[PDB]
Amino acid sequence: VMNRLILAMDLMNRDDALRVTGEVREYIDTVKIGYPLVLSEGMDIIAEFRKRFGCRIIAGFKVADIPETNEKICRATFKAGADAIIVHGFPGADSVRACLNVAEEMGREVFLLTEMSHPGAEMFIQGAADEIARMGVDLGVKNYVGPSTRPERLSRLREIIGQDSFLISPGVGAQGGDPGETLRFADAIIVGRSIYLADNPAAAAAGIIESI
């Protein structure tokens, strides 16, 4: 992705979301849109962003349901225009395979979330993360999400998935993660608040890029 930087656009109002995204567009080419924006403004916001900014859109939906429901969620998400969707691996292989089947049908991609970046991720997710990553490899997953806040875990995850897999990483900035250290292991970093809550989002994005 452009400058190895993905904007997590979690503002809830369409006007502010469009303003900030347009201001930092020259520094990115990929935007992660999640439920904070979609549940407030509707799924049509995905196609609007894709058209207006010509950026790739990752739907950050943390899909975590049974196979049947996961299939419906992925179908609606790709119908809305998303290029990829993030799915949790903790609910198991069948739930991930359901997402992979819809992505195959629709010519889209699935990103498998292994370990999360927040403190609570240490409680249960961390202990299952290496196995979730290996499950991904077994299922043919080529895109993964891992934590900026724990570079030693990001290193181990990179070890499991290999150098050819694409790995993106949130938790940079607000959560404590460092851009440069994270990029020693991840292909791209996801940044939300450090950019969208800044007084000057473009200057904030430019600063991150210059730091790396």
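Residue indices: 1-based, along the sequence shown.
Peer 1: Name the higher of the two by mean Cα B-factor in the PDB entry, 26-34 versus 66-74.
Peer 2: For C-alpha atoms only, the mean B-factor is higher in 26-34.
Peer 1: Tell me which stretch has the larger mean Cα B-factor in this entry, 52-60 or 39-47.
Peer 2: In the deposited entry, the stretch with the higher C-alpha B-factor mean is 52-60.
Peer 1: Quick one: which of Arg97, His118, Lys79, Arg134 shows the highest Cα temperature factor in the PDB entry?
Peer 2: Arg134 has the highest C-alpha B-factor of those listed.
Peer 1: Mind checking which third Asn13 falls in for C-alpha B-factor across the chain?
Peer 2: It falls in the top third of the chain.
Peer 1: How does the C-alpha B factor of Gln163 compare with the rest of the chain: lowest, middle or highest third?
Peer 2: Tercile = highest for this residue's CA B-factor.
Peer 1: Among the modelled residues of its chain, does the C-alpha B-factor of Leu183 lie in the lowest, middle or highest third?
Peer 2: As the PDB entry reports it, the C-alpha B-factor of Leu183 lands in the middle third of its chain.
Peer 1: Looking at the temperature factor on the CA atom of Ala203, which third of the chain's modelled residues does it land in?
Peer 2: Its C-alpha B-factor belongs to the highest third of this chain's values.
Peer 1: By the record's CA B-factor, is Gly176 among the lowest, middle or highest third of residues in the chain?
Peer 2: Highest third, going by the recorded CA B-factors of the chain.
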